[PDB]
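First up is the structure itself, then whatever we jot down about it.
A note on names: the letters A, B, ... follow the listed sequences, proteins ahead of strands, and every chain is numbered from 1. Heavy atoms only: backbone and side chains are in, while hydrogens, waters and symmetry mates are out. We count ligands from 1, going down the list as the structure has it; atoms in each ligand are counted the same way.
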Amino acid sequence: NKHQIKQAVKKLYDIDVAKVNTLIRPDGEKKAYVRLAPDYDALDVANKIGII
Amino acid sequence: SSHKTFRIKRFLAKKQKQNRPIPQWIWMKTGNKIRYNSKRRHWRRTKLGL
Amino acid sequence: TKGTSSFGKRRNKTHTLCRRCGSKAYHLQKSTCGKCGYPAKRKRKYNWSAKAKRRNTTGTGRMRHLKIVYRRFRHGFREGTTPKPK
Amino acid sequence: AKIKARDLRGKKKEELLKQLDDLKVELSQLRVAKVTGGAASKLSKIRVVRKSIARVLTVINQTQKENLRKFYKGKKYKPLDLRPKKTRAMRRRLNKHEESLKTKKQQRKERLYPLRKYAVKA
RNA sequence: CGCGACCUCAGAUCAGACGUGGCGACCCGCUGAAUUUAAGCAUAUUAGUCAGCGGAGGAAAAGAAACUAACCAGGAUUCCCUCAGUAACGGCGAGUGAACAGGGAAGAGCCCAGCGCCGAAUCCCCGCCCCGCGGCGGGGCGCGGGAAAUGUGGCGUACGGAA
RNA sequence: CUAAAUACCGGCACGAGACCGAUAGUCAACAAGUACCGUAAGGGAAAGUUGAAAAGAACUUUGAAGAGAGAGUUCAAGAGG
RNA sequence: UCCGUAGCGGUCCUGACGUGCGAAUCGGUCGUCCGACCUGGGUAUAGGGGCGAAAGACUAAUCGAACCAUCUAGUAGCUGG
RNA sequence: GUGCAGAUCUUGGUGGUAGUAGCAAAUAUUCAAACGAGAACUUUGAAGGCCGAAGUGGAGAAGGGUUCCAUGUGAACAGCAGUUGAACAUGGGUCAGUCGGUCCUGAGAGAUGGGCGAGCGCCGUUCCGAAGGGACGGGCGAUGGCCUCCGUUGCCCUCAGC
RNA sequence: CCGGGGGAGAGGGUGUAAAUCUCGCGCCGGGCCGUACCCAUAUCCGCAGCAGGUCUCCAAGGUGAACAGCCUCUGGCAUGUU
RNA sequence: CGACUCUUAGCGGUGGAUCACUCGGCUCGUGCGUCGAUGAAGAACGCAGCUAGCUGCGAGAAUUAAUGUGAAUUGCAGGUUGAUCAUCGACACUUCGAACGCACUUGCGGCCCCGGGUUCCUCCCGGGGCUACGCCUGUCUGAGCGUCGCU
Ligand SMILES: [Mg+2]
Ligand SMILES: [Mg+2]
Ligand SMILES: [Mg+2]
Ligand SMILES: [Mg+2]
Ligand SMILES: [Mg+2]
Ligand SMILES: [Mg+2]
Ligand SMILES: [Mg+2]
Ligand SMILES: [Mg+2]
Ligand SMILES: [Mg+2]
Ligand SMILES: [Mg+2]
Ligand SMILES: [Mg+2]
Ligand SMILES: [Mg+2]
Ligand SMILES: [Mg+2]
Ligand SMILES: [Mg+2]
Ligand SMILES: [Mg+2]
Ligand SMILES: [Mg+2]
Ligand SMILES: [Mg+2]
Ligand SMILES: [Mg+2]
Ligand SMILES: [Mg+2]
Ligand SMILES: [Mg+2]
Ligand SMILES: [Mg+2]
Ligand SMILES: [Mg+2]
Ligand SMILES: [Mg+2]
Ligand SMILES: [Mg+2]
Ligand SMILES: [Mg+2]
Ligand SMILES: [Mg+2]
Ligand SMILES: [Mg+2]
Ligand SMILES: [Mg+2]
Ligand SMILES: [Mg+2]
Ligand SMILES: [Mg+2]
Ligand SMILES: [Mg+2]
Ligand SMILES: [Mg+2]
Ligand SMILES: [Mg+2]
Ligand SMILES: [Mg+2]
Ligand SMILES: [Mg+2]
Ligand SMILES: [Mg+2]
Ligand SMILES: [Mg+2]
Ligand SMILES: [Mg+2]
Ligand SMILES: [Mg+2]
Ligand SMILES: [Mg+2]
Ligand SMILES: [Mg+2]
Ligand SMILES: [Mg+2]
Ligand SMILES: [Mg+2]
Ligand SMILES: [Mg+2]
Ligand SMILES: [Mg+2]
Ligand SMILES: [Mg+2]
Ligand SMILES: [Mg+2]
Ligand SMILES: [Mg+2]
Ligand SMILES: [Mg+2]
Ligand SMILES: [Mg+2]
Ligand SMILES: [Mg+2]
Ligand SMILES: [Mg+2]
Ligand SMILES: [Mg+2]
Ligand SMILES: [Mg+2]
Ligand SMILES: [Mg+2]
Ligand SMILES: [Mg+2]
Ligand SMILES: [Zn+2]
């Protein structure tokens with residue numbers, strides 16, 4: 001669920017979530033767009049997790 | 001149609017993933033007989049049932 | 001009229017994938033399967049088609065419990081014991 | 001380091017869960033490296049970490065199941081997974097005790113007329 | 001009116017158990033044709049066979065005479081040889097068709113109800129104590145609960161049996 | 001109520017053959033009840049062989065390339081996926 | 001109710017085509033076009049059965065008894081080897 | 001399971017026909033340049049044309065399932081050719097409280113009770129049924145917190161159509 | 001989903017008034033599935049890029065009775081397997 | 001002479017016959033003779049560093065543990081206190097399916113217990129355990145102008 005994705009991001013990356021928008025790909029996998037709070041910066045979160 | 005159900009979309013997802021060619025490194029194997037993928041499917045020719 | 005012109009009106013389907021046998025024989029309007037007969041508790045099979053029986057028999061699929069049963073039979077179905085450790 | 005199943009058995013459940021939650025962080029960090037594109041040394045460590053997690057979870061589940069069968073050792077009613085799983089017809093048989101009863105009539109018949117050991121001269 | 005029995009019948013996510021479905025070569029209980037043959041065809045034959053349905057087991061079913069016989073008599077059931085393509089059935093046409101005796105493979109016998117006698121002398125379940133504990137059992141306690149006299153258990157069953 | 005002698009083209013594990021030898025033998029020696037067809041019940045294939053060992057033809061040259069010509073491997077390319 | 005468009009249908013040329021665009025199409029010419037009109041989707045009726053403003057029509061290019069499997073390697077005084 | 005010339009035999013392969021029939025339904029193309037080994041067919045510009053708002057336009061339903069988009073290739077396919085494609089090979093792409101599904105009932109389908117049936121099962125949908133597990137107010141009982149005042153569930157009285 | 005008729009009841013003793021409110025603001029949340037593209041002389045069904053079939057929405061100027069025929073604008077295309 | 005056509009031979013193509021091989025069938029014989037609500041058979045969907053099919057497996061996902069064995073797996077990379085194989089008795093085993101809360105859209109619940117939310121105040125979110133039918137024994141709560149007995 002979007003709630004589970006929200007509370008999963010909040011525990012693994014210690015960042016709160018504005019909203020979660022999900023879709024299901026034709027691959028079969030579920031893609032989640034997770035919007036952060038206005039005070040947290042998504043690319044500075046992405047740097048410490050590895051994607052750049 | 002665009003008004004799919006979850007099980008139909010998941011079946012289409014699997015049949016999309018099985019429609020790729022064989023990797024190049026499998027026919028360098030010792031006990032190998034496969035030349036290509038003979039179970040391939042084109043959307044115009046074979047209409048997948050359903 | 002009855003042939004090529006009439007084949008253009010085939011746009012709504014009679015059968016869909018059955019949830020018990022996996023074959024596209026679940027008649028949507030009769031709510032029953034022409035392959036296994038899903039709302040019936042017993043699967044449909046007949047002795048007038050030996051070829052249809054051997055497409056769905058105990059040797060056809062994964063046997064993910066029966067093949068462990070066949071291996072466990074050789075030791076009397078021993079249970080709750082371990083081999084002696086080093 | 002090589003995570004072995006022999007030295008995880010003496011540990012406590014909480015320090016086992018700590019290692020499990022560390023190795024899951026290791027899998028997430030390796031799967032980020034897989035999708036970003038990383039070294040083959042990082043790519044080949046995924047199978048190593050996955051089997052280590054399988055080892056830790058196997059030890060945890062085996063320990064929990066052994067304590068459950070130690071707790072329910074002397075009880076008449078135990079959970080069905082801890083009950084012996086033979087075949088269904090073999091679980092519906094009679095006991096040793098139940099197949100070893102005989103009636104008072106057959107008891108005195110076996111007592112009064114036992115099967116004798118004998119031989120006949122040629 | 002109320003209370004208390006018993007009978008009959010309900011409801012429980014009550015406590016503990018069991019059945020469902022699959023496979024189905026072999027087995028048991030039903031149901032059940034028409035091709036075909038009769039140089040036609042309708043009785044018959046195909047054939048209690050194919051198809052259909054239900055139910056099991058490692059085998060199933062059968063089984064210890066309401067039997068065979070007519071003898072100087074044998075003696076549960078199942079299977080093999082023979083009886084025998086015989087007795088018999090049949091538009092007595094086409095065709096169908098056993099059994100007994102005999103020789104073997106195997107061989108094992110038994111239990112109730114009734115009728116009676118014993119203080120229900122019988123059985124199940126829950127709590128506790130110790131043991132066994134991976135086919136849930138053993139003894140010991142419980143002014144613990146039920147089943148059962150509208151009949152449980154022991155003796156006893158046609159070969160007689162009881163006192 | 002009751003073992004044994006009796007039945008067994010399904011299952012597990014075996015052994016054997018005056019059987020067949022890739023149009024044969026199971027439909028199926030191979031990614032076979034697979035590919036494919038039919039709405040469906042169902043129908044249902046084709047398809048074995050380099051060499052002892054990939055040693056599976058480096059390099060030169062023409063052509064945009066497929067393709068050649070030399071050279072080379074091998075007992076043999078008159079065995080070149 | 002009449003002419004007539006879209007729609008629905010299919011008279012005539014017995015035109016084109018007729019190893020065709022097509023296992024029933026095309027062109028001109030035509031019938032009807034406010035009602036017994038046309039049409040999508042849902043639903044009901046299943047084989048000696050359905051359904052039929054009735055042609056033995058339609059019932060998945062199959063209809064004076066659909067299709068699939070089995071009985072079945074049905075029988076043939078007949079044909080071919 | 002032993003000898004083929006035939007069975008409109010079975011399977012597989014190959015000829016003549018034959019470089020033949022044919023690539024003729026819906027008015028139409030032309031010039032220059034670019035990329036390239038290669039241009040009647042790709043791209044750009046300039047023309048000349050057609051569909052002419054019941055469209056050869058712009059969006060959906062059913063159906064299809066990646067055909068959508070970007071880049072590369074020109075082996076095979078696209079009945080000439082292709083520098084092109086819905087072909088092949090790599091990668092991407094569908095984000096909802098308000099748009100739909102989800103809810104309701106329609107024609108109808110379909111359990112249970114019951115009945116029938118050798119049997120799988122069938123009929124039947126209120127018909128041969130002890131078919132309501134609910135609520136307010138009160139009494140009783142316990143719980144938890146400014147144990148104040150509400151809330152919670154246990155039992156009884158009461159009320160109840162469908 | 002709402003309105004009405006009924007009036008079982010509830011609230012406060014003259015106030016830091018009570019029960020109550022379909023009035024104005026203020027706080028929190030709305031989970032699951034589908035969503036791309038074609039929709040037709042080439043993405044569907046007819047063995048195919050098959051003149052066949054397949055349900056809808058929008059509907060400019062002129063001529064003209066007109067959604068007729070003919071020409072044109074927006075948009076589109078290259079003459080329908082050379 | 002030449003073209004074209006016919007016959008034969010050499011060589012080369014098209015084609016895959018013949019022969020030789022065979023981890024496959026067919027038949028006979030032997031021993032065992034074992035499925036499932038503790039969830040079968042079957043199906044669906046996923047799982048590999050590079051993985052489509054087949055095979056194997058189930059979120060512990062081409063396997064975990066234990067035992068035997070003893071230096072590999074391999075197409076390419078990467079990394080003896082036991083690599084790989086085999087055995088398999090421990091653990092685990094997603095969804096549908098007799099298929100089990102109600103339905104089969106992957107939709108709607110109910111009860112109880114926890115963790116955030118809150119600070120028991122109901123909401124909201126997440127997790128766990130229950131919630132099918134028939135039937136046996138016992139328990140509990142009941143019904144009857146059924147048969148009675150007593151106040
Ligand atoms: Mg098509
Ligand atoms: Mg229909
Ligand atoms: Mg059955
Ligand atoms: Mg006795
Ligand atoms: Mg219970
Ligand atoms: Mg009969
Ligand atoms: Mg006759
Ligand atoms: Mg005759
Ligand atoms: Mg006749
Ligand atoms: Mg039969
Ligand atoms: Mg059964
Ligand atoms: Mg069995
Ligand atoms: Mg028996
Ligand atoms: Mg006899
Ligand atoms: Mg004789
Ligand atoms: Mg006569
Ligand atoms: Mg007879
Ligand atoms: Mg005799
Ligand atoms: Mg003897
Ligand atoms: Mg007695
Ligand atoms: Mg007797
Ligand atoms: Mg018996
Ligand atoms: Mg021998
Ligand atoms: Mg063959
Ligand atoms: Mg050969
Ligand atoms: Mg060859
Ligand atoms: Mg040679
Ligand atoms: Mg050679
Ligand atoms: Mg009129
Ligand atoms: Mg008129
Ligand atoms: Mg004509
Ligand atoms: Mg002609
Ligand atoms: Mg044409
Ligand atoms: Mg009828
Ligand atoms: Mg009519
Ligand atoms: Mg007539
Ligand atoms: Mg004659
Ligand atoms: Mg021979
Ligand atoms: Mg010949
Ligand atoms: Mg010509
Ligand atoms: Mg458009
Ligand atoms: Mg359009
Ligand atoms: Mg071409
Ligand atoms: Mg495109
Ligand atoms: Mg918004
Ligand atoms: Mg019904
Ligand atoms: Mg009033
Ligand atoms: Mg869109
Ligand atoms: Mg075209
Ligand atoms: Mg033209
Ligand atoms: Mg042109
Ligand atoms: Mg020659
Ligand atoms: Mg995979
Ligand atoms: Mg291990
Ligand atoms: Mg080891
Ligand atoms: Mg629905
Ligand atoms: Zn089915």
Applying a strict under-4.5 Å side-chain criterion to I, L, V, M, F, W and Y, I'd like to know whether A:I51 and A:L36 cluster together. yes
Shared ILVMFWY cluster between D:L57 and D:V49, side chains joined below 4.5 angstrom? yes
Above 12 or not: heavy atoms from other molecules or residues under 6.0 Å from [atom1] of [X]?
X     : atom1 : value
A:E29 : CD    : no
C:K30 : NZ    : no
B:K47 : NZ    : yes
D:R91 : CZ    : yes

For the Mg ion (ligand 2), which protein N/O/S atoms fall under 2.8 Å? Skip waters. C:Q29 NE2
Spell out the protein N/O/S atoms under 2.8 Å from the Zn ion (ligand 57) as residue plus atom name. C:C18 SG, C:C21 SG, C:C33 SG, C:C36 SG
Output all residues satisfying salt bridge (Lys or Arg N to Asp or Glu O under 4.0 Å) with A:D27, sequence neighbours left out; order by chain, then residue number. A:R25
Going by salt bridge (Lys or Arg N to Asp or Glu O under 4.0 Å), name the residues that satisfy it together with D:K45, two or more places apart in sequence or in a different chain. D:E26
Is the closest side-chain donor-acceptor distance between C:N56 and C:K35 under 3.5 Å? no
